[PDB]
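Quick notes on the structure that follows.
4 protein chains.
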Amino acid sequence: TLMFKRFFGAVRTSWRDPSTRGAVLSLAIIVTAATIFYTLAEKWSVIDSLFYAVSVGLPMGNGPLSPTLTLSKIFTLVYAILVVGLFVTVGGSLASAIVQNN
Amino acid sequence: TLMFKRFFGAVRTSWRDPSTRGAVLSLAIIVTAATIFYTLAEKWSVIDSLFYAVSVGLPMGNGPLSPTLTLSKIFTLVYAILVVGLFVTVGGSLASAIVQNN
Amino acid sequence: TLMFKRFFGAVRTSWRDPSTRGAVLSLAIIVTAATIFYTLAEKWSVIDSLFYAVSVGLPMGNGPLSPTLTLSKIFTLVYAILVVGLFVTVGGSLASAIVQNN
Amino acid sequence: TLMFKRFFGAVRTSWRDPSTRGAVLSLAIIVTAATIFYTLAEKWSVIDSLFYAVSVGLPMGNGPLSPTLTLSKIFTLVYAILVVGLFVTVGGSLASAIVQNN
Ligand SMILES: [Ca+2]
Ligand SMILES: [Ca+2]
Ligand SMILES: [Ca+2]
Ligand SMILES: [Ca+2]
Ligand SMILES: [Ca+2]
Ligand SMILES: [Ca+2]
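Chains as they are written, first to last, in the entry's author numbering: chain E, 5 to 106; chain A, 5 to 106; chain B, 5 to 106; chain D, 5 to 106.
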């Protein structure tokens, strides 16, 4: 039942490009690295990993998932300051691209 | 006595319009879209279903509520990336409207 | 040992005023209401209520507490969208006023 | 394997300076003061104390950790309103900083 959101969401507003949404490319790399780490550091599954990853840069909210080891705890601190930005502008450009599509 | 909030709130300052507080229009569809999905997929009640939908763009804070199923995990990201921007500009406009309302 | 911050921060940086930090008045007024509701509606203590109030618009996070009544659940939903923008601007003005203090 | 994030990230683009990244200074002093407080009041390990201290500026989400004493609740409100804007402006400057590196 998500077909409306996936196709008319974070695939629709992608096909709308200036140069400083090279930030969605930067997000991709910090989010995927983060996902790669959380799977391996924290033992979690991919989806749970990508969930927690995105959860530290948006208001969204980690479920049960949160770090348990010093390594991932510190990593989350370092990553948390880097991704906070990339999300913010991707949310903004993505948001206007909704209203420009109406 | 939630009245003075809902009435001197979402109703009162929600009627200060440019062309671009048609964001509220874009929002209402996206919160609604999410609420239908959460009710049906996650099986939650409408209010709790809405509670989670409004949670993923705002610092409000999701309850015990988090997605338990893969679709509800996946969908929560795609929705969460788009709405977070929609939530903000609307939240700014209303806040802007409270200050010039005294 | 917080006597340092309360004087050095919370009551430091407010003693600096433009036109727009009329926004503190409105934020002040929104939070007092919200707290009163929770103590009265949701039975919690003044701080636990006052903490949840501040939890919803800033990212800090509520620990244990989450509203349990359908009534208080909506109250937070409505109250959430109003207060967030006031949080932004008082939080932003106040932070710049630290940097102009170094 | 966080080395790739730590060196390629929260120091590699941390050292990209205008006048207005004097906030990173102000962040370091306030983030430190909090961590000291949280270590002392809340009994927590320094790491966890730093994990909560950052959790409240950023979208991260504290773990199962949260202020359980009244002082530490009283403290967190005052500190969250001060430190949130600093996390914000640094998050952008750091964000602009990854994109300027392409
Ligand atoms: Ca949050
Ligand atoms: Ca989160
Ligand atoms: Ca949370
Ligand atoms: Ca939230
Ligand atoms: Ca919060
Ligand atoms: Ca947070």
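All residues carry an ideal CB built from backbone N, CA and C; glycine is no exception.
query, result
"For residue 18 of chain B, does the three-state DSSP call read helix, strand or coil?", "coil"
"Listed by chain order, which residues have C-beta atoms less than 5 Å from any heavy atom of ligand 4?", "E/63, E/65, A/59, A/64, A/65"
"Just checking, does the stretch 53-71 of chain D make contact with the stretch 60-74 of chain B on the three C-beta pairs under 8 Å criterion?", "yes"
"List, in order along the chain, the chain E residues whose C-beta lies closer than 8 Å to that of residue 63 of chain A?", "63"
"Measuring only between beta-carbons, confirm whether residue 10 of chain A sits less than 8 Å from chain B.", "yes"
"I'd like the span of the alpha helix (DSSP H) that includes residue 23 of chain A, first residue to last.", "Unbroken run through residue 23 of chain A: none, as it is neither H nor E."
"Considering only the beta carbon of each residue, do residue 88 of chain E and residue 95 of chain D sit closer than 8 Å?", "yes"
"By the criterion of Cβ-Cβ separation under 8 Å, what are the contact partners of residue 37 of chain A in chain E?", "8, 9"
"Are the stretch 73-89 of chain E and the stretch 46-55 of chain D touching by the rule of at least three beta carbon pairs closer than 8 Å?", "yes"
"Residues of chain D with CB under 7 Å from residue 55 of chain B, in chain order?", "77, 81"
"When burial is assigned at 16 or more other CB atoms within 10 Å of the CB, is residue 47 of chain B buried or exposed?", "exposed"
"Taking the straight line between their C-alpha atoms, what separation do you get for residue 35 of chain B and residue 86 of chain B?", "11 Å"
"What residues of chain A sit near residue 14 of chain E, judged by a beta carbon separation below 7 Å?", "82, 85, 86"
"Give a yes or no on whether the minimum CB-CB distance between residue 5 of chain D and chain E is below 8 Å.", "yes"
"Enumerate in chain order the residues of its own chain whose CB-to-CB distance from residue 27 of chain D is below 7 Å, with the five nearest sequence positions on each side excluded.", "90, 93, 94"
"For residue 71 of chain D, which residues in chain B fall below 9 Å Cβ to Cβ?", "55, 67"
"Buried or exposed: where does residue 22 of chain E fall if 16 or more other Cβ atoms within 10 Å of its Cβ makes it buried?", "exposed"
"Helix, strand or coil for residue 108 of chain E? Go by DSSP, reduced to three states.", "The requested residue 108 of chain E does not occur in the structure, where chain E is confined to residues 5 to 106."
"Quick check on residue 67 of chain A: does DSSP put it in helix, strand or coil?", "coil"
"State yes or no: is the C-beta of residue 70 of chain A within less than 8 Å of the C-beta of residue 102 of chain E?", "no"
"State yes or no: is the beta carbon of residue 23 of chain A nearer than 8 Å to at least one beta carbon in chain B?", "no"
"Can you name the start and end residues of the alpha helix (DSSP H) that residue 54 of chain D belongs to?", "50-59"
"8 Å is my cut-off, CB to CB: does residue 96 of chain E come that close to chain A?", "yes"
"When you compare each of E/32, E/41, E/5 to residue 10 of chain D by their alpha carbons, which one comes out closest?", "E/41"
"Using the rule of at least 16 other Cβ atoms within 10 Å of the residue's Cβ for burial, across every protein chain shown, is residue 50 of chain B buried or exposed?", "exposed"
"Is the shortest distance between the beta-carbon of residue 30 of chain A and the beta-carbons of chain E less than 8 Å?", "yes"
"Would you check if the distance between the CB atom of residue 58 of chain B and the CB atom of residue 84 of chain D is smaller than 8 Å?", "yes"
"Given that residue 59 of chain A touches chain E, what residues does it touch there, using C-beta distances under 9 Å?", "63, 64, 65"
"Between which two residues does the alpha helix (DSSP H) carrying residue 9 of chain A extend?", "7-10"
"Mind checking whether residue 82 of chain D and residue 14 of chain B have CB atoms under 8 Å apart?", "yes"
"Take residue 24 of chain A as the anchor and find which of A/104, A/106, A/105, A/98 has the nearest alpha-carbon.", "A/98"
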